[PDB]
Each structure stands twice: as C-alpha cells, then as structure tokens.
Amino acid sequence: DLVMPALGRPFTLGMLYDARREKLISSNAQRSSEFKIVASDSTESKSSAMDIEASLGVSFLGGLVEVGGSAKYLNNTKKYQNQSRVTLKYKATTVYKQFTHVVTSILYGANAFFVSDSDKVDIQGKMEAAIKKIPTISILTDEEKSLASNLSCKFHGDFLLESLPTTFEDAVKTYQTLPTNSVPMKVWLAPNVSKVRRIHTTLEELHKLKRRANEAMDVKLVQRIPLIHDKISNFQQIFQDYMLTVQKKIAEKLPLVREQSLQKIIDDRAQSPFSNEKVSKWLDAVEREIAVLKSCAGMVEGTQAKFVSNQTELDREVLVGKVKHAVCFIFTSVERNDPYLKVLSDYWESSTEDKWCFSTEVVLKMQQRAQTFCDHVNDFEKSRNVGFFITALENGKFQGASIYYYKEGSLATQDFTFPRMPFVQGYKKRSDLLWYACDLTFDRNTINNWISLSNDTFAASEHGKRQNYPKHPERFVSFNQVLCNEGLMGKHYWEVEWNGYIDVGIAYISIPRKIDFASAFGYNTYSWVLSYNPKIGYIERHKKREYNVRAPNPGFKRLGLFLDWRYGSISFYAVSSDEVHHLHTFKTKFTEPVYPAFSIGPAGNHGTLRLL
C-alpha cells in the first residue's frame, strides 16, 4: 500500500499508475469540514499543507505530475522576497470509496486555498492573526480592518464558483458559501533521500536568484531606461530557459533511477557560468549600475528635464522649432549587448572587477557632471528655448555619463560643460542670446487707461476713446506707461517689435504710478530706458539725464534686449533675422527685482509695442 495526495488530476477506481508519477488510463460517507493556516510559502510548507511525500515531491520538481484545482497552489510562488504571505487552507473530506500500481481505494473531497499577500512595502504574524478569524467570523477591530483592506487574495480550489474572491471581505463570504459534484482528495495505490534535499536545495537557490532578478526589475528607473531593462529582461528569459534544462534533466533521470546521474545535474551547475557565485556576482553588478544611475537621475527629479527612450525620441525632442538649445544628460557606459549574458546564451546553445560602476573615478566624475547638468536645469528654468533631457546611449568615447548638446536640432558636442558667451557688447549671433530668452507678459494692473492691450502680448496707444481699466494703486494715472508681470533677478533676453514714439527698458516695482518727475521713466533713480523719438532720434534715460545713442539702421522694427542683473548690465541690439547688431550697452547697480517697463508717448505722438 502506497498513499499519496490526489492532486487535481482525476482518479477513478481500478486506474493504472506509474512510479514516474504519470497515470495510465463499498463506500462509507465521512462529511467533515476544517481549516489550517500556512504561515510559510516554502516548497516544504506547500507540501506539508497538501501532505506531499518525498517520491511525489521530487517528481513535482521534475514537473512530471499534472496538478489541478487546489493543487495550483503549488505552482503559485512569491514574486518578491519583500512581500509577506499567509495562506488559509480549507479542507472538506466527505465520501470514502473502497475496492506499476492500481488504485484500490480513493477518498473523495474538495479543498481550497486563500493565498493572502501584503503590499511590497512584524507584518507576518499580524497577517496570520487577522486570517485566523476567517472561519470564526461572518462578514473585528478598525486596526484589523485596515490591514485586511490592504491585503490581496488569490483563490485555488476544487470548486466551480459563481464569484471569485479578490478581497478579504470576498474571501470571508466565499468561505461561508464553500460547504454548500466532488473530486478525489487522497488515493491508495497497490501494485534516494540523500539527494532529495540536494535537489530541493539547488532549485530553491535558483528560485532565490529568480526572485532577486524580479526585484531588480521592479524599479521605476529600470522601466525608464530600456538599455538596463532589456538587460534584466534578457537575463530573466535566459535564466528561465536554464531552469527548464535543469528540471527536464531531473524529469528525464528520475524514471531511470526508479543516483549519481542526478548528482551530475548539480555538479554541472557549479562548473558552468550558471554557478550561484557567477550569477549572484552579475546581479551584484547590475544592481550597482541601477544604484549609480538612480543617484544621477534622482538629482533632475521634479524639474522640467525629460526622460527619452532612444535616439529616435531624443531626435524628435531636439528637432522641435522651439528647442534652440538642448542639453541632454546621457548614460554612456550601460552596454547594449551584455558580454556575460552572451556567455550564458552561448552555454545554453552547445569579470566585474573593472566594471564602470565599480570605479571611484568614473562614478565621482559622473556624479560631478550630473550636478553640472542640474545647475543648468535650475539656471535655465525660465529659458523657453532651452530644453533638458535624459537618456542612455552606449558611447565608447565616454565613461559613466556625458552631456550632449544640440544647437537648433543638430548635434554640436557629445561633451558639453557650459555655454560659452562673449561679453554683453560682443553679441553677434542671435542663438547665443536665446539661451536666456524668456516669455514676457503685460501687467494689466499697471497699464495706463489710454494704452490698449492684446493674450497680453501687444500694446498700442489710443488717440481718443480711452479704455476702462479697474482702479488699482499699481497703475499709471497720467502717463502712457506699462510694466510687465515678470520680475527679473538674473540673465534675461527679450525681443520687441516697436514702432513710433516709444521706449523700452526696466524699472523697480517701487516706482511711482500716480504726472510727476518721479513717475516718468528715466527721470527716476529706479528707471532705465532706450527711447525712440523719430524727430530727434534715439536716446537712453536715467535720473533725469538723456544720452544720444547712434542707431546704424534708423527706424529698425525689432529691438533685442539683454539684462544681466548680477552684473549691472543692460544691452540693446538691432535684431536682423538671425543676427544682432549691438547698439549701446550701459551699467547700473540693481538693488531689487527689475521689471521690463515701457512708454508709448504723449499727445499726437504715438507708439506701438509687441512682446515676442
């Protein structure tokens, strides 16, 4: 007599059977329902729960046995080591029917498994305490209810259900419904312990690495970096194929033994590139890669820097009209084709010493560059024509990472540090000033009653028929003057399409708004402007003083303006397409945030001013 648990696989009386665990093809009622809690998901605990013996155990490792219903619980394995799992086993024995091997007697009964898993975040005992109550309760602490709410359930049973449990609540009402045909539970059959543990030890070791690989795969960054994702992904597939080779070897040798042929499988693993030490070592290196890339990528988090998957995506982003300057932080040392994963593949079809992420110099210099990058990101936060991106493109020329720079859609350099600029009077290329080019908007609270506005990007003075604007202390009462909303604290460039009698400049918010000497631009210690009076020509005004300015091309439509608040500079240029002709620059000490300020002239003399 040989008794074994009737796994989901069907059994009938007098049915033939083999010791390679394949099956060739008076009753006294029992009627009892009880439970058990399995706090461990170990292969041994699964076996203890289902009363699986040594012969069937080893045979299940070779995967020769077919399972079903409840027995699918065996196949259900923990994906992540971090999660906590408690399972509730329901058992119902009801009818006992009597009469290489033949089945004489078979016990009939259905049983179910309620696999409860906690979030990826002691949580083991606390879970079993809550689960213990399932057979005791019928649809319990506020604290217990919150734990039960964050638990996931999986059903494995010999029942055809009208609904499947996903919730703790669902598992309770399902469990209540469970006692209300039936399958063989236990069968009676009538016609190496030394290695069983060594084989079990080998497979649990392998499943440990499998679970490690999966954990490594669950990062957000890994998913954002296809080069590192496809690496782990490939290892996953390779290692999965290897685990089949090993199980097939066990499944092939097991009928024959029914001994050292089994040990051969174990010894080959230790001698192959599939060694626990070899595979572990590699996973230590891919984990360090993810660690370093995380340190760098983590810096740019919460800013306007964008991750891009490949060159095709980077091309699209940099090729946009608006992106005149694109500096991209790129990981150059993550390989497209892993040499160790080649060995592994090449082994199936038949040196981390010096690895980049294990270099004091490489990681230090890369971290310094990741900061250089962040500095630009924050510096050029309000620069509408400067775009920031991150990607990983394998480049032999650089170690760890580098900064690529794309000027007007075309690659300039693969090793950028800083935009080199001339001194403010030496600007000739419009592109250079576009590094600092920002969006300006007119402040509807300061706009004079007779200046009409656009989108708030176009100001034109009315001749008659004055505009109705709400009463605000911030507002020019008796001057055709307007200020922007943007308070400038550093390097900024803006263009304007100007016509008629107008001035373009800057002013502190602490400037008078209500017709005096103190409220007119260039007649304050608080206002600096370049005025255009077609009758006289061009001049700059500050502290009631006027200065003659020579304009190479009189009546030029577009005016370029660059402010460096940190130094006391404010420069004016004639914008001709993609070229700038420096008109006049001047120096001043700027005490507080500086606002773009404009006058559109008095009386019959009129101006028109458009922000670009």
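Note that residue numbering begins at 1 and tracks the sequence as displayed.
- Coordinates are absent for 10 or more residues of the deposited sequence placed between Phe99 and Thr100.
- Deposited sequence between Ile25 and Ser26: 10 or more residues lack coordinates.
- In this entry, 44-52 has the higher mean Cα B-factor, the comparison being between 547-555 and 44-52.
- The PDB entry records a higher mean C-alpha B factor for 291-299 than for its counterpart among 291-299 and 380-388.
- When the Cα B-factors of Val594, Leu16, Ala597, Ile600 are read from the PDB record, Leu16 comes out highest.
- Residue-level inspection of the entry shows that, of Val246, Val477, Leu319, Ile506, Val477 has the top Cα B-factor.
- The deposited CA B-factor of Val38 belongs to the middle third of values across its chain.
- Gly62: CA B factor lies in the highest third for its chain, per the PDB record.
- Among the modelled residues of the chain, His582 sits in the lowest third by CA temperature factor in this PDB entry.
- Ranked by C-alpha B-factor against the other modelled residues of its chain, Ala130 falls in the middle third.
- In this PDB entry, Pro470 carries a Cα temperature factor that places it within the highest third of its chain's modelled residues.
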